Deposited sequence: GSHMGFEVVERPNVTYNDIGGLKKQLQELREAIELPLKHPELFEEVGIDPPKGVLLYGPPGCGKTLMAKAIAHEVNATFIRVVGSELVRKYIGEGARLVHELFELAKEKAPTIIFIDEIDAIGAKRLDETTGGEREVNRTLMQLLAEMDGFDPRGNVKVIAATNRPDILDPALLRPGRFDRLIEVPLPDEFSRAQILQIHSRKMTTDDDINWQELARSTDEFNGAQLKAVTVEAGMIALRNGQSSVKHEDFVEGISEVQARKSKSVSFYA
């Protein structure tokens, strides 16, 4: 095993709420040079080998990464940084070898800070070696995620590495309403549902907690033997997810 391999992920840009601007930057960074690498050679600019997504948990970094891979017909391989801390230089190598074999590939490195906090450590040094190894205009791209871009060893941020940075922030009020709608699409909801009030009531929620709200709302409707989900069900679901946060 070692790291998640997904032959072709079934996630699209329509599954992502809000994030239009940051999704566009990532598409311009990875999708454009994959679909039309010849343009980047004509103009004489090396596209980025690594894109670092940063921001708080559950705001859709992983989503975006899977969605890119889908659009561009690539394999998606995921490693978790905290799992790479024990060996593991060997594992980073096997990762990039496989990724080349199953190319086109999108490598997603979660929690990169676990490995690259600031003659460097042996696992981190493999990541550096592997990225200097493969060339841009090539068809293996790396995407990394972290809370703390400030705590990263500046060696990761040097040219030819993760020299393209995108902030993936908490959803704004409009985004939150989209996120709830998106995760309610498979589920019959009343016409009388006020998505925008629900969005006002979820100040500081992330995408994962908004999805969880949809899930509890659906579960409350079930326990009540309803055949559709009511506004008051979403309001109780918000209240439940807020309770769980408090129970870290």
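Residues of the deposited sequence lacking C-alpha coordinates fall in the stretches 1-3, 90-93, 126-135, 266-270, numbered from 1.
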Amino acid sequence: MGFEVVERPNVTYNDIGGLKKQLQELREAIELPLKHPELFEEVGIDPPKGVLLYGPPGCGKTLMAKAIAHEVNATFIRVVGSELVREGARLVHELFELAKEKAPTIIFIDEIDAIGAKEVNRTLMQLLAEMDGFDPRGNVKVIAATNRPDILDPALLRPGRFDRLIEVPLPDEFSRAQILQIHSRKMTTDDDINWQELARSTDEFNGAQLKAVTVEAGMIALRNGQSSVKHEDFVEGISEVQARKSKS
From here on, numbers count along this sequence of modelled residues.
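Higher mean CA temperature factor, per the PDB entry, when comparing 37-45 with 51-59: 37-45. Relative to one another, 145-153 and 165-173 have unequal mean CA B-factors, and 145-153 is the one with the higher figure. In the PDB entry, the Cα temperature factor peaks, among 107, 74, 114, 89, at 89. Residue 122: CA B factor in the middle third of modelled residues in this chain (values from the PDB entry).
In this PDB entry, the Cα temperature factor of residue 204 sits in the middle third of its chain's modelled residues. In the PDB entry, residue 11 places in the highest third of its chain by CA B-factor. Among the modelled residues of its chain, residue 187 has a C-alpha B-factor that falls in the highest third, as given in the PDB entry. In the deposited entry, the Cα temperature factor of residue 227 places it in the middle third of its chain's modelled residues.
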